[PDB]
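Peer 1: Let me begin by handing over the structure; questions about it come next.
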Amino acid sequence: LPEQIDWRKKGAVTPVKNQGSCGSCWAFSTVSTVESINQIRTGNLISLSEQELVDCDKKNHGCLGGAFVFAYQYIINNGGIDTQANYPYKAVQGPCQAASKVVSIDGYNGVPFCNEXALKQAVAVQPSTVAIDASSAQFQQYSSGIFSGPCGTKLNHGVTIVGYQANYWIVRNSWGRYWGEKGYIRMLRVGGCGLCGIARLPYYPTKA
């Protein structure tokens, strides 16, 4: 496995997005991994619709939260997801619209829990979604550098790992460009269940 990898440098990651005052991080994180696996498999980088999930993924709760599994499942059962351009983000749940199926995935896989070595292996193949405890003030006001806590392991926020170095994970948040390092945060690799519990619940989409 590479000692380091950054999917942003390989053309598999779209510009940073902003979920606004809507608790749809479960949608932004999940969709991000689908945008990435599609580019890795087809060579085409396309920005997809988070709003579609917020409005139509009924098993989840729009701006009130949701789970990764149900998001990936919706995409699969629905036969695909539309683009950001065709179904723009409003930061508020609204009536589910009919949509075109531009990008599709075949399934999703979970990574063994609290095993950063296995997580490293998954990330080396493609960006993966993970849940973390983002309740600490230090995480919320993070600006730059390698974040090393403090933070607990109570899962309450979804983000995406788009790369790593020997000492840290490169994490893509969905709070816009003005948070952290242009929308990203470098989190220290500490083993166990990971910093802020980042290694507790990882998943990634699959596409033949």
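In the structure tokens, chains take the letters A, B, ... in the order shown, each chain's residues start at 1, and ligands count up from 1 in the order shown.
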Give me the residues within 8 Å of region 169-174 of chain A as a PyMOL selection string, counting only C-alpha atoms and dropping any in the same chain fewer than 6 places off.

Peer 2: chain A and resi 6+16-19+25+28-29+159-163+183-189

Peer 1: What's around residue 151 (chain A) at 8 Å? Count only C-alpha atoms, leave out sequence neighbours fewer than 6 positions away in its own chain, and write the answer as a PDB file with N, CA and C atoms, in the first residue's frame.

Peer 2:
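And here is the file that came out, out_39.pdb:
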ATOM      1  N   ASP A 133     -17.288  11.998  16.099  1.00  0.00           N
ATOM      2  CA  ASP A 133     -17.906  12.774  17.161  1.00  0.00           C
ATOM      3  C   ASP A 133     -17.408  14.197  16.912  1.00  0.00           C
ATOM      4  N   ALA A 134     -18.281  15.061  16.408  1.00  0.00           N
ATOM      5  CA  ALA A 134     -17.894  16.439  16.114  1.00  0.00           C
ATOM      6  C   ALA A 134     -18.442  17.449  17.122  1.00  0.00           C
ATOM      7  N   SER A 135     -18.857  16.974  18.291  1.00  0.00           N
ATOM      8  CA  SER A 135     -19.437  17.851  19.306  1.00  0.00           C
ATOM      9  C   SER A 135     -18.479  18.775  20.060  1.00  0.00           C
ATOM     10  N   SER A 136     -17.189  18.457  20.073  1.00  0.00           N
ATOM     11  CA  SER A 136     -16.237  19.300  20.794  1.00  0.00           C
ATOM     12  C   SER A 136     -16.090  20.665  20.131  1.00  0.00           C
ATOM     13  N   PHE A 139     -13.131  20.941  17.602  1.00  0.00           N
ATOM     14  CA  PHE A 139     -13.344  20.413  16.262  1.00  0.00           C
ATOM     15  C   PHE A 139     -14.154  21.420  15.460  1.00  0.00           C
ATOM     16  N   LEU A 195      -9.334   8.628  16.265  1.00  0.00           N
ATOM     17  CA  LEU A 195      -9.587   9.944  16.836  1.00  0.00           C
ATOM     18  C   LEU A 195     -11.041  10.325  16.585  1.00  0.00           C
ATOM     19  N   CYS A 196     -11.730  10.751  17.640  1.00  0.00           N
ATOM     20  CA  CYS A 196     -13.140  11.123  17.554  1.00  0.00           C
ATOM     21  C   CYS A 196     -13.958   9.937  17.051  1.00  0.00           C
TER      22      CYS A 196
END

Peer 1: If we count only C-alpha atoms, what is near residue 39 (chain A) at a cut-off of 12 Å, once residues fewer than 2 positions away on the same chain are taken out, given as a list in words?

Peer 2: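 Returned residues: residues 7, 8, 10, 11, 12, 13, 14, 32, 33, 34, 35, 36, 37, 41, 42, 43, 44, 45, 46, 47, 48, 103, 104, 105, 126, 127 and 207 of chain A.
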
Peer 1: For a quick check of understanding, using only C-alpha atoms, which of A:23, A:121, A:111, A:132 has the smallest distance to residue 60 (chain A)?

Peer 2: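 Going through A:23, A:121, A:111, A:132 one by one, the smallest distance to residue 60 (chain A) is for A:23.
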
Peer 1: Would you list the contacts of residue 30 (chain A) as a PDB file with N, CA and C atoms, in the first residue's frame, taking every protein, DNA or RNA residue within 10 Å and counting only C-alpha atoms, but skipping same-chain residues closer than 4 positions in sequence?

Peer 2:
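selection.pdb, freshly written:
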ATOM      1  N   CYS A  25     -25.553  15.899   6.455  1.00  0.00           N
ATOM      2  CA  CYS A  25     -24.201  15.410   6.238  1.00  0.00           C
ATOM      3  C   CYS A  25     -24.174  13.947   5.838  1.00  0.00           C
ATOM      4  N   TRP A  26     -25.211  13.211   6.227  1.00  0.00           N
ATOM      5  CA  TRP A  26     -25.314  11.801   5.871  1.00  0.00           C
ATOM      6  C   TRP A  26     -25.446  11.693   4.357  1.00  0.00           C
ATOM      7  N   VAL A  34     -19.751   8.380  -3.898  1.00  0.00           N
ATOM      8  CA  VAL A  34     -20.303   7.876  -5.156  1.00  0.00           C
ATOM      9  C   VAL A  34     -19.717   8.660  -6.330  1.00  0.00           C
ATOM     10  N   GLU A  35     -19.538   9.964  -6.141  1.00  0.00           N
ATOM     11  CA  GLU A  35     -18.947  10.806  -7.178  1.00  0.00           C
ATOM     12  C   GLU A  35     -17.544  10.274  -7.452  1.00  0.00           C
ATOM     13  N   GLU A  50     -27.289  15.921  -3.605  1.00  0.00           N
ATOM     14  CA  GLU A  50     -27.530  15.566  -2.213  1.00  0.00           C
ATOM     15  C   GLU A  50     -29.020  15.822  -1.955  1.00  0.00           C
ATOM     16  N   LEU A  53     -31.473  12.951  -2.246  1.00  0.00           N
ATOM     17  CA  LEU A  53     -31.545  12.070  -1.080  1.00  0.00           C
ATOM     18  C   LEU A  53     -32.370  12.708   0.031  1.00  0.00           C
ATOM     19  N   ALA A  67     -28.781   7.611   8.006  1.00  0.00           N
ATOM     20  CA  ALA A  67     -27.715   6.621   8.104  1.00  0.00           C
ATOM     21  C   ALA A  67     -27.127   6.298   6.733  1.00  0.00           C
ATOM     22  N   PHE A  68     -25.826   6.017   6.710  1.00  0.00           N
ATOM     23  CA  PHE A  68     -25.109   5.690   5.481  1.00  0.00           C
ATOM     24  C   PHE A  68     -25.772   4.554   4.709  1.00  0.00           C
ATOM     25  N   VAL A  69     -25.968   3.429   5.387  1.00  0.00           N
ATOM     26  CA  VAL A  69     -26.568   2.247   4.777  1.00  0.00           C
ATOM     27  C   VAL A  69     -27.856   2.544   4.010  1.00  0.00           C
ATOM     28  N   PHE A  70     -28.755   3.303   4.622  1.00  0.00           N
ATOM     29  CA  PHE A  70     -30.020   3.630   3.977  1.00  0.00           C
ATOM     30  C   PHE A  70     -29.831   4.544   2.767  1.00  0.00           C
ATOM     31  N   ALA A  71     -28.801   5.384   2.807  1.00  0.00           N
ATOM     32  CA  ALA A  71     -28.521   6.293   1.703  1.00  0.00           C
ATOM     33  C   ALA A  71     -28.018   5.513   0.489  1.00  0.00           C
ATOM     34  N   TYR A  72     -27.026   4.649   0.703  1.00  0.00           N
ATOM     35  CA  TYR A  72     -26.478   3.836  -0.380  1.00  0.00           C
ATOM     36  C   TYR A  72     -27.567   2.923  -0.935  1.00  0.00           C
ATOM     37  N   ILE A  75     -29.940   4.785  -3.298  1.00  0.00           N
ATOM     38  CA  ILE A  75     -29.301   4.988  -4.593  1.00  0.00           C
ATOM     39  C   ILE A  75     -29.367   3.734  -5.454  1.00  0.00           C
ATOM     40  N   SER A 128     -13.716   6.751   1.413  1.00  0.00           N
ATOM     41  CA  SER A 128     -14.686   6.030   2.223  1.00  0.00           C
ATOM     42  C   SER A 128     -15.387   6.945   3.205  1.00  0.00           C
ATOM     43  N   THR A 129     -16.632   6.617   3.520  1.00  0.00           N
ATOM     44  CA  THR A 129     -17.392   7.421   4.458  1.00  0.00           C
ATOM     45  C   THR A 129     -17.162   6.903   5.875  1.00  0.00           C
ATOM     46  N   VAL A 130     -17.141   7.821   6.837  1.00  0.00           N
ATOM     47  CA  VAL A 130     -16.937   7.476   8.242  1.00  0.00           C
ATOM     48  C   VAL A 130     -17.747   8.434   9.107  1.00  0.00           C
ATOM     49  N   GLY A 158     -21.216  12.854   9.846  1.00  0.00           N
ATOM     50  CA  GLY A 158     -20.646  12.044   8.784  1.00  0.00           C
ATOM     51  C   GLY A 158     -19.720  12.829   7.873  1.00  0.00           C
ATOM     52  N   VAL A 159     -18.547  12.266   7.598  1.00  0.00           N
ATOM     53  CA  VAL A 159     -17.564  12.903   6.728  1.00  0.00           C
ATOM     54  C   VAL A 159     -16.939  11.851   5.822  1.00  0.00           C
ATOM     55  N   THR A 160     -15.985  12.271   4.992  1.00  0.00           N
ATOM     56  CA  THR A 160     -15.326  11.364   4.059  1.00  0.00           C
ATOM     57  C   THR A 160     -13.809  11.414   4.159  1.00  0.00           C
ATOM     58  N   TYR A 203     -17.618   2.821   5.573  1.00  0.00           N
ATOM     59  CA  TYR A 203     -18.264   2.163   4.442  1.00  0.00           C
ATOM     60  C   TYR A 203     -17.774   2.805   3.147  1.00  0.00           C
ATOM     61  N   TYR A 204     -17.903   2.075   2.051  1.00  0.00           N
ATOM     62  CA  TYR A 204     -17.537   2.606   0.752  1.00  0.00           C
ATOM     63  C   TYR A 204     -18.431   1.934  -0.276  1.00  0.00           C
ATOM     64  N   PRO A 205     -18.767   2.650  -1.354  1.00  0.00           N
ATOM     65  CA  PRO A 205     -19.626   2.083  -2.393  1.00  0.00           C
ATOM     66  C   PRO A 205     -18.826   1.200  -3.336  1.00  0.00           C
TER      67      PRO A 205
END
